[PDB]
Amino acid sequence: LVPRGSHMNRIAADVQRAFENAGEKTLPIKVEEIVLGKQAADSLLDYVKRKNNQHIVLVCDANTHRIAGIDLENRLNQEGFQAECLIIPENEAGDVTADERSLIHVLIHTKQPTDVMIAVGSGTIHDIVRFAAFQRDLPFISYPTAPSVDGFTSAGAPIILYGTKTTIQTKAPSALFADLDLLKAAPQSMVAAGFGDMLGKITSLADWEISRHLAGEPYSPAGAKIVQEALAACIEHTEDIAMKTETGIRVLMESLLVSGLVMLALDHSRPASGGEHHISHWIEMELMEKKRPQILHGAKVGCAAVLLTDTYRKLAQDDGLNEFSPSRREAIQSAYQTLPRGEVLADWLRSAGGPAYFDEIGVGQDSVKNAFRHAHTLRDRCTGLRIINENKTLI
């Protein structure tokens, strides 16, 4: 079907191979190339050549312009492309959001000649481009400047509108090119945010087993084992990631990309996003509400899992579980018994170079106990968190 599929996308190729070997139906992956390595601009150029692009837009911001945009744009010009590094400017609080304002700012400075968009940056840039390109019916290329998240390959765009952050569903990148040396160069906080977002998968996978057994939610064995593999390697390499060695950031980014790839293949976020992510969503809402600057997704995710792993460990051994069926008792128990302690999570997060507790990034206890009680209400997901907050005897 595509040799570029089974050639310039060994990651996605092998993910699909796994799902197929466990006899599972999945949506075909619609990312044609995922390159992760040295250069990557070489292969980017090869791809735009192959697809006969010409008028290329590179959506960048203050920072990503500097550390990626100019390099890429100049090399594109030298090869004979109409390239341009278009900038997204900051809001009053020095933040670059996926708000309607930034969306429309991108969606006018891109002119009708333009036949391809390129997200040069991180999750937010990637959302604005993911959305904008979809509404202007153009392919967009993933150029990540940090291994901070698993939502580069995603179809959905968490954009802000009216007065809330909501996830419109759109279309995935046409390709992805990750410069391993640009990633190594990234702030340790961002690398550690990637590690954070991956540590969320300690509790997300379990909440997915709860979801599976209890609420009869879509579940994939092969998927669960894929994200297990990924999570396992990230941990193993916790030191390599800390120091930001080649192996370490390679393993981080490959694991995050595999997370987004399963999410894509299965058409929902359940294996990657559990109670820790829901809490994280609630905190984020509170930070917008307080009118104060946003903090890294992944940082919040690590800080959330560090607590919610203990919450679930306690639930699993609560006498309240005797009100419940033998089936639901043994489901919660068996799903959560293998959870490590909050302290171990925090220890990994520390070693990695990221924050363990929300006071470190300045959330505070107020919004923690607030989020912990209401987060379950954010999305129709049977989590440990819902089992708690919808049961007197566990409240």
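Sequential numbering from 1, following the sequence displayed.
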property: Mean temperature factor over C-alpha atoms, higher-scoring stretch between 162-170 and 218-226; result: 162-170
property: Stretch with the greater mean C-alpha B-factor as recorded in the entry, comparing 286-294 against 267-275; result: 286-294
property: Maximum C-alpha temperature factor, selected from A299, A83, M253, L176; result: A83
property: Largest Cα B-factor, entry values, listed residues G248, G94, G194, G200; result: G94
property: Entry-reported Cα temperature factor of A346, expressed as the chain third it lands in; result: lowest
property: Where the record places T383 (Cα B-factor, split into thirds across the chain); result: middle
property: B-factor third for the C-alpha atom of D42 within its chain; result: middle
property: Third assignment of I67 from its chain's C-alpha B-factors; result: middle
property: Ranked C-alpha temperature factor of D207 among modelled chain residues, by third; result: lowest
